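Engineer: Structure below; questions to follow.
What follows draws every value from the coordinates through simple rules; no lab data is involved. Quick reminder, even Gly has a Cβ in these numbers, built from the backbone with ideal geometry, and neighbours come from all protein chains shown.
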Amino acid sequence: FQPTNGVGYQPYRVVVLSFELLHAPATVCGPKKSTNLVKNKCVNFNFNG
Amino acid sequence: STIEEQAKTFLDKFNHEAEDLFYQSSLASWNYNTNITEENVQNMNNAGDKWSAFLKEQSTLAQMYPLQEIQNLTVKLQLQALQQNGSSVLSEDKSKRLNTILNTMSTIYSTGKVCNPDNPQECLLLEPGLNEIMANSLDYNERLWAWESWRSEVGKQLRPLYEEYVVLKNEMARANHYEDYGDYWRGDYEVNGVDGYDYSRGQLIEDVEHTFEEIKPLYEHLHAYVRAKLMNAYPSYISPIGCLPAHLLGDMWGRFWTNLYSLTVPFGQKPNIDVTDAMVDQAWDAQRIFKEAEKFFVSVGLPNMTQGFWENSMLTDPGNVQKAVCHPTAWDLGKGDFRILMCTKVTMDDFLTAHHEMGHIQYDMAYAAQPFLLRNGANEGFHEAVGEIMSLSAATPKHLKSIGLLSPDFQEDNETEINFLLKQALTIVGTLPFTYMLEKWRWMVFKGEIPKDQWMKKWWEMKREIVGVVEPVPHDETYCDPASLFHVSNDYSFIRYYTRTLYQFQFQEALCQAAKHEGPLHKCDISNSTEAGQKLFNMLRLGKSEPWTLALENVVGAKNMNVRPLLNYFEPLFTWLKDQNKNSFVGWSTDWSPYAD
């Protein structure tokens, strides 16, 4: 690995993410953005399911 | 388990080592050529010694693999390209003597300096002194003096060295299972094991002779016109029936007659097609020219060039603190490294040579996916053919008009086309008879058909016959006039030029067919032709992974070399020359000589 190496020979860091979903309870997930908490008004809501 | 599998594993390991080792050697060479320093010489020597030792060790470890039991064509081809012992098949002492003689001949050719009798201390080398004298100075006496002095002070020294080198190469080829070293060099084009595409070493001679005899009428008419023009210039020095003097052809060997173009121009009042002034007006430089070449190659369908080229390759003169060889070179350094080393100036010639070098680079990267042994052209005449067709396509007036260099108001007439065709003839087919005669003379010399006591007396025979060119002064066997050329004095195959010329004409004809150009062949441009580029890349990617006969068939539909595309290219010029030579004798006379009155 030299600075003068070819484009296909320059070093490349690579990460492989395997999202395994086995029998164990789900642990990692998205942020699940907490929307702004309105009140005293008819609105559909979802609190932790 | 099997020997074939072990050979495949050994070849894979050799390729893995060779990629890195050749990359280091090529990087050292690039550093040395961009900056010539003593440390650059030292690391060049180190890299070369390492690479040569590695190659020899791999060749030795591969020769034990039997090639007859290997059914994989690629593996067998790689091994035979590796198992080639070469001159090492001889003893160590004989190989050392051959190498020493090669170095001595190369030095004598390079250091060949002739001193005028008027001033012994005033001496000129072949380059740039003698070459300029024989290409620009029109004086009969000066050219004759330079020619005779070179062939005396260089030919007499080289004749024993050249003879010993010839016999050593011949005995090496005999130990290499070749009838002569001429056969050893013809084995490069040799193809075996492929039904319908195998090529024999003597088939090369047959094809070259057949193509030359096809060109013979056109060459005779061109020689007649050139001799008529030279008589218009030197009436008392050249006979209308006799052959042309060797020193009056624009060069020492008479190889290129383009220097006689000023003396043989069809229409001297017709302006020459040159957009160098347009480049100056548009302020084009090396980077602009390379960008335009890349844009054109993208237009024909080839992929865009890597930016690492721009990072690494040099385009202009690298100042004056460091010294660099400004000769146009295309470097395939390996491991994804492609560069061009050339000091590009603002002229049409540099434009064309830069396009030639970048076409070389495109061909090199086309077969980059091939293994290390297969990362090369199929034959010595393929890559340069690609470069020449790229230069020709870049030189088309249509392309110049499209890019804005050639203004649209520029008119194309019959006289300008005739001048262009005649200049192209003097550049291309001027050397084809010379190349053919020199190659045949070398073939017979290696085969031993020409004894020493007649060597020169045989050489000047075919010069008078094949080329229709007579030496201005007689030369004895002490002279080594064939060795007065670079390739003969440096052991380089000279048929490569004829083969590459024919390949480039065939490729140009095929590309014009694919692009469906309308008009004369010399006016054909492959701009905005994606299909032609795709077809070309279909075997450019092959490189030497497939027989060159198969590659040529995949381009032009012919499995063998021919000059029919050359005939199509020069047909208007052929007709013009035949019309002009109605009053000038066509042919030559071997008996007549400038030294005989």
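Engineer: For the stretch B:533-544, what are the residues that are in contact with a helix residue (DSSP H, G or I) (Cβ under 7 Å, 6 or more places away or on another chain), surrounded by fewer than 21 Cβ atoms within 10 Å (Cβ to Cβ) and not in a loop (DSSP other than H, G, I, E, B)?
Structural biologist: Within the stretch B:533-544, B:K535, B:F537, B:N538 meet the criteria.
Engineer: What pairs come up if the first residue lies in the stretch B:459-480 and is surrounded by 18 or more Cβ atoms within 10 Å (Cβ to Cβ), the second is part of a loop (DSSP other than H, G, I, E, B) and of a type in the set (S, T, N, Q), and their beta carbons are under 6 Å apart, counting only those six or more places apart or on different chains?
Structural biologist: Note: pairs meeting the criteria are B:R464/B:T590; B:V470/B:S593.
Engineer: Taking the options B:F290, B:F296, name whichever one is more than 14 Å from chain A (Cβ to nearest Cβ), in contact (Cβ under 8 Å) with a residue 40 or more places away in the chain, closer than 23 Å to B:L540 by Cα and touching a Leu at 6+ places or on another chain (Cβ under 7 Å).
Structural biologist: Result of the check over B:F290, B:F296: B:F290.
Engineer: Now for a different question. Filter the stretch A:1-28 down to residues that are among the aromatic types (F, W, Y) and loosely packed, with under 10 Cβ neighbours inside 10 Å and give me whichever is nearest to the other protein chains (Cβ to nearest Cβ).
Structural biologist: A:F1
Engineer: Still on this structure: Name every residue in the stretch B:1-16 that is part of a helix (DSSP H, G or I) and of a type in the set (V, I, T), in order of residue number.
Structural biologist: Answer for the stretch B:1-16, where residues must be part of a helix (DSSP H, G or I) and of a type in the set (V, I, T): B:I3, B:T9.
Engineer: Follow-up. Restricting attention to the stretch B:78-118, and to residues there that are free of Cβ contacts under 8 Å to residues at least 12 places away in the same chain and among the β-branched types (V, I, T), which single residue is surrounded by the fewest Cβ atoms within 10 Å (Cβ to Cβ)?
Structural biologist: Looking at residues that are free of Cβ contacts under 8 Å to residues at least 12 places away in the same chain and among the β-branched types (V, I, T), I get B:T107.
Engineer: Can you tell which of B:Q362, B:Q322, B:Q370 is within 30 Å of B:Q78 (Cβ to Cβ), away from chain A (no Cβ under 14 Å) and part of a loop (DSSP other than H, G, I, E, B)?
Structural biologist: Only one candidate passes the filter, namely B:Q370.
Engineer: Moving to a separate point now. So B:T435 ticks every box in (1) under 24 Å from B:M252 (Cα atoms); (2) surrounded by fewer than 19 Cβ atoms within 10 Å (Cβ to Cβ) but one. Which box is left unticked?
Structural biologist: So the condition that B:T435 fails would be (2).
Engineer: Ok, one more. Out of (1) of a type outside the set (V, I, T); (2) under 30 Å from B:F537 (Cβ atoms); (3) assigned to a helix (DSSP H, G or I), what's the single condition that is false for B:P303?
Structural biologist: Of (1) of a type outside the set (V, I, T); (2) under 30 Å from B:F537 (Cβ atoms); (3) assigned to a helix (DSSP H, G or I), only one is false for B:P303: (3).
Engineer: Mind counting the residues in the stretch B:460-498 that are within 22 Å of the chain's Cα centre (by Cα), of a type in the set (V, I, T) and under 27 Å from B:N99 (Cα atoms)?
Structural biologist: Looking only at that region, the number is 2.
Engineer: Oh, and also: Please go through the stretch B:17-26 and give me each residue that is out of contact with any strand residue (DSSP E or B) (no Cβ under 6 Å at 6 or more places or on another chain) and either outside any helix (DSSP H, G or I) or within 13 Å of chain A (Cβ to nearest Cβ) (or both), ordered by number.
Structural biologist: Those that are out of contact with any strand residue (DSSP E or B) (no Cβ under 6 Å at 6 or more places or on another chain) and either outside any helix (DSSP H, G or I) or within 13 Å of chain A (Cβ to nearest Cβ) (or both): B:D20, B:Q24.
Engineer: Counting only residues that are on the phi > 0 side of the Ramachandran plot and either touching a strand residue (DSSP E or B) at 6+ places or on another chain (Cβ under 9 Å) or hydroxyl-bearing (S, T, Y) (or both), give me the helices (runs of 4 or more DSSP H) lying completely in the stretch B:426-499 with at least 1 of them.
Structural biologist: Here the list is empty.
Engineer: Quick check, is B:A514 under 22 Å from the mean Cα position of the chain (by Cα), in contact (Cβ under 8 Å) with a residue 12 or more places away in the chain and either surrounded by 22 or more Cβ atoms within 10 Å (Cβ to Cβ) or assigned to a helix (DSSP H, G or I) (or both)?
Structural biologist: Against the criterion (under 22 Å from the mean Cα position of the chain (by Cα), in contact (Cβ under 8 Å) with a residue 12 or more places away in the chain and either surrounded by 22 or more Cβ atoms within 10 Å (Cβ to Cβ) or assigned to a helix (DSSP H, G or I) (or both)), B:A514 does not qualify.
Engineer: Scan the stretch B:27-46 and give yes if some residue there is aromatic (F, W, Y), part of a helix (DSSP H, G or I) and either touching a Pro at 6+ places or on another chain (Cβ under 9 Å) or in contact (Cβ under 8 Å) with a residue 60 or more places away in the chain (or both), otherwise no.
Structural biologist: The answer is yes, given that some residue of the stretch B:27-46 is aromatic (F, W, Y), part of a helix (DSSP H, G or I) and either touching a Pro at 6+ places or on another chain (Cβ under 9 Å) or in contact (Cβ under 8 Å) with a residue 60 or more places away in the chain (or both).
Engineer: Can I ask one more? Mind listing whichever residues of the stretch B:305-319 are within 12 Å of chain A (Cβ to nearest Cβ) and either aromatic (F, W, Y) or surrounded by fewer than 17 Cβ atoms within 10 Å (Cβ to Cβ) (or both)?
Structural biologist: Passing the criteria: B:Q307, B:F309, B:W310, B:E311.
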